[PDB]
Amino acid sequence: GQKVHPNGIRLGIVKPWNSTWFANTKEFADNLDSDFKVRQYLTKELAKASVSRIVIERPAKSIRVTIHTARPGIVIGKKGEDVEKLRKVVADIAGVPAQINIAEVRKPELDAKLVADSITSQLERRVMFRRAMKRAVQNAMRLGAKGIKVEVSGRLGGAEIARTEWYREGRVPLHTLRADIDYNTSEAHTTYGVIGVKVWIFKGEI
Amino acid sequence: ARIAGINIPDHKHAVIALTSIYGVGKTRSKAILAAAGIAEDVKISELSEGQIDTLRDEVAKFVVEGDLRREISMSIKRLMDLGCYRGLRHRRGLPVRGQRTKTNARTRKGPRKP
Amino acid sequence: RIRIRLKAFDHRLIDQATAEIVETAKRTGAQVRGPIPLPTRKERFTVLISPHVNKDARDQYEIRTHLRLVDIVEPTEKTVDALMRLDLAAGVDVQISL
Amino acid sequence: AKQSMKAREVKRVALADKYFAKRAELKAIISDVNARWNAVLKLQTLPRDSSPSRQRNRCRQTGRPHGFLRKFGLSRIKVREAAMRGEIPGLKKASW
Amino acid sequence: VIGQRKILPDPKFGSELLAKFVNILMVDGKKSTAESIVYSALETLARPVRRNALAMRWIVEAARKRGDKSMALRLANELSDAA
Amino acid sequence: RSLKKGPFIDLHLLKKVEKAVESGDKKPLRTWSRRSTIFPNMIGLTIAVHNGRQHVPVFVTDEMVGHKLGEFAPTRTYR
Amino acid sequence: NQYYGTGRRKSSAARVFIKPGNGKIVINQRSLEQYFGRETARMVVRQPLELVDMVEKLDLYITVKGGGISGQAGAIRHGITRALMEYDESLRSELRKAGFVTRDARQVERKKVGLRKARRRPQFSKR
RNA sequence: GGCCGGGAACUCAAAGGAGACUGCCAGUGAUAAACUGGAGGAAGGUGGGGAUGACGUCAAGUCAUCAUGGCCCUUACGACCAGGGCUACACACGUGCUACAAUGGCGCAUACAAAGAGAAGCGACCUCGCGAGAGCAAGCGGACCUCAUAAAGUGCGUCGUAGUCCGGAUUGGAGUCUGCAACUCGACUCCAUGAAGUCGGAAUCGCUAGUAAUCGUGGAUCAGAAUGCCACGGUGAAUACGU
RNA sequence: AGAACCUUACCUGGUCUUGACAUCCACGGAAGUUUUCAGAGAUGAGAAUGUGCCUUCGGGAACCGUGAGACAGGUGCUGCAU
């Protein structure tokens, strides 16, 4: 490889942790494994809910999983029954009386995960990716983000040869550690090969 | 002047020199000297009869390297000559603990030999 | 003598947390010793970066365990219960001790 | 790292719990330094797949036996994805 | 270009013309041993970075396996022969 | 050898040998416990123990006091 | 009456208290001859007090902990200086020209990934 | 005995700031960039070391970490179990460690580290114990106890070139712990071996400061199993005419 | 970044074929606990206790064994398909 992951290197910088609990070595592995258990059956059950982040935190023997979604209505449901049923699936797969908080993700096409997911959604629907990848390229420009990069990976179009194309616009100073780079990836399970997508969102300095 | 026949030190200390026995080493060749009140600064040929004889009675009870590694022999023979796997290791220059014999078998198997 | 030991992963949560006890507890019956900063234990992990042969990479990680020893000194009837209802700073080990 | 290989860890962890806490914690005291018995020690022989030595200690994500880390419970490859994506609290890049 | 390293003068006498000598007869970071080597040889005998360095290195470099009581005092003899 | 007490044998022959020690000498009995040590009572017994390919009988002689049976069950047989 | 200067060098951390008269030096409740002296760590601690008027007019009190023999000796040397510029400012320039004022920042290199001694790459003799 | 009052000075601990900016001065340089030195300054010229790797380069590697397209076997290369493999040598070469010793080795008194870990855990004292150690069992989920006496270093004596007091392979008796179980194929020790190795061929590798070079320390993985890896410290060098 | 079994993907032998591992259909028995006997174990042949929460009376709530099927399973092969 060549590149560092922009989000994790800024973990001690403007990018905040999306898993904030303090636990000892004894429960650290169990809590971390419990985090993956609650997360794996939280994104899978909300694959069409525009989930941006799933932040986990354990104040006192009860985790409070807040979900960043651009469409809270599908996650909340009618009068919060969907959060309620998801809550008791988290509550018994995490061992704690968990509760699920919800947060609207304003300006959805400006989220790294959502852009990666949105492109991935309309990528296996048998459409040409040149226009599809520009849609995230174009949409971000009118709504700020004075810097962005949307890279796609191998098996671009029905072919036996892998390709790569990224089509930068704006400025993406990934070397600058206070760049506040929103970055996330996704992969598309197409009938041929696997196509991974990678997007960087430069939401201004600090 | 034969503590055990072979394996005699010469012109050195009491304890460290008398590790020259090849049936007793650093730890069990100092008590035998200490059993008669020996000085640590005596040269090997500088002792007297009083110390030599007081040890010959108490050292002849043990074995000699000439006898030790060949009283090891029948232990390797009376017990270890059969198809025993450790005795299989005792056959063609082969390590007995089983350490990597691919390389690093340059004492029993010995030199480089295709 | 009510030993208070806080523990977090960043100081920007423990510092807000440690100040909370030094303020909330110190109302009428607290002569709080102070937000005493103890040496922060930091442990490191050298995970092998590549999924395969490539070995020389060996990225390095670090987790820091900041701790304070606020340690209010009179166990006032208020303090022995005033310290109880506060449970903010979600990820923080607040170990109340005598 | 197989569903067949993974299934024998659950078979072994769930079975090593009982005889260790019911027989080994009681019988291995006799075989220790208590000053052993020929016929009595035969009871330890009868069960096989209940021992701490039966450990593989595989990863908790993909069942990979190699490159484990007991603090996280995962393997070399999974901790990189599970940490630097931000999903492990307090863990950042170590530079000094 | 850059100049050669500046070394503090030998503390024992406060003179710069002895520290460079004791640093090269030194071996394996054992300066403490070095005074046991040369001070016993010195306190009891009673461009400037090219030829002085090279010539004086030749003095030190012949005391490895000469086979005697101790080259610690043999080098004292060697410098006594040199002086 | 380091056990210094109760020289172990796996179950694979206590279910056969230690059940019919006094019956006599028979055809070698199937055994998967070469990780073992011979008790003196097995004089003259032939116990077929699995080296990995087949079950190799063991001829218990009195050269042994605490030596092993897999000591007499070689597996890396070359040439 | 005590004039204090800390001094510290290479993980060492000294505390030097200067008093007037009797020119005696006490390090870790011990004299410097038994604790540092007669190696190159005897003259080195007194280099600053000897270039300036000799010790007999300055009583010392030193409590140094951590580091090593040389690191503490350098730390104490720095400790005496900081104490004695607080004593008098007339000898401000004399020590800096002599060079005891500055505090050494040459730490030991951290051991790093891929190198055998963090600056000695592993042998790659043959290709 | 910081041991206790007590002091909050100081080290230290962890939070925040200030400080270094060719800032100033002299000179060179087009006056400039820039450079040369000096001053102050703790730090001088991005003060030091890390993290950070551009488009792309090798159809580089991984289908065996995982995911995955296609392909393949579905009373089966599927699966369980026991066993034994995986460590087998007759070698060719890396990478090392051990070293090959008289800046020394052995014996005694013997001071000064940092950094880490500890709950089926670090496990102290005491006793037994030649020891692997064993029995009892305080404390510690820890700036509170243990790991852990750091060696190197210092003082004295000694070993006097002896393939040796070095060196430890190899091999034996017994152990000591872990586990159903160690011989295959664990470690280490008590005792006992005690050889090969006295610097090695062209060649080549690393290194410009706390750096090479030593010596110890801890940690990961780990029932048990470091000459390997990672991290910590101590002692601590010499050189640079230039392309 | 750590091979006595397991480990380990290899093999010898024994064994199971909706399978050790997942879900679905049906039949039973609660599971669990104490057991023995043959085998090396996987298992098989038996012997005791239990039969627990609803029981809205079925059966669920769990699990185990069995029955046919879908299916499972693969450290199987292409890293020049990714």
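Residue numbering restarts at 1 for every chain, and letters A, B, ... go by the order of the sequence lines. When reading the values below, keep in mind they use all heavy atoms of this one structure, side chains included, and skip hydrogens, waters and symmetry mates.
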Return a single string for nucleotides 69-80 of chain H, one symbol per nucleotide in 5' to 3' order, where B is base contact, S is sugar-phosphate-only contact and - is none, cutoff 4.0 angstrom on heavy atoms. S---------SS

Expressed as a whole number of Å, how far does the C1' atom of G29(H) sit from that of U22(H)? 15 Å

Provide the Watson-Crick or G-U wobble partner of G155(H), both distances under 3.5 Å; none if there is no partner. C108(H)

Which of these nucleotides, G85(H), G194(H), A90(H), is closest to any side-chain atom of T75(F)? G85(H)

In Watson-Crick or G-U wobble terms, with both distances under 3.5 Å, the base opposite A45(I) is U36(I)

Any protein N or O atoms within reach of nucleotides 168-174 of chain H? Criterion: under 3.5 Å, listing atom names and distances.
unit_1	atom_1	unit_2	atom_2	d
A169(H)	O2'	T107(B)	OG1	3.4
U170(H)	OP1	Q99(B)	NE2	2.2
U170(H)	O2'	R108(B)	NH1	3.0
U171(H)	OP1	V96(B)	N	2.6
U171(H)	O3'	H90(B)	NE2	3.2
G172(H)	OP1	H90(B)	NE2	2.4
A174(H)	OP1	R1(F)	NH1	3.4
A174(H)	OP2	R1(F)	NH1	2.3

Under 4.0 Å between a side-chain N or O of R12(C) and OP1 or OP2 of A15(H)? no

Would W32(F) pass as stacked on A40(I), i.e. its ring centre under 5.5 Å from the base's six-membered ring centre and planes under 30° apart? yes

B/S/- contact track for nucleotides 142-160 of chain H, protein heavy atom under 4.0 Å: SB--------BSSS--SSB

Would you mind writing out the side-chain donor-acceptor pairs for residues 111-127 of chain G within the sub-3.5 Å range, not counting sequence neighbours?
unit_1	atom_1	unit_2	atom_2	d
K111(G)	NZ	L115(G)	O	2.4
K112(G)	NZ	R110(G)	O	3.4
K112(G)	NZ	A118(G)	O	2.8
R127(G)	NH1	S125(G)	O	2.3

Within residues 46-56 of chain D, residues whose heavy atoms come under 4.0 Å of RNA chain I: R48(D), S53(D), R54(D), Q55(D), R56(D)

Without decimals, in angstroms, what is the distance between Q3(D) CD and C71(I) P? 16 Å

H55(F): partners by ring pair (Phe, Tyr, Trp, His ring centres under 6.0 Å), with sequence neighbours left out: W32(F), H50(F)

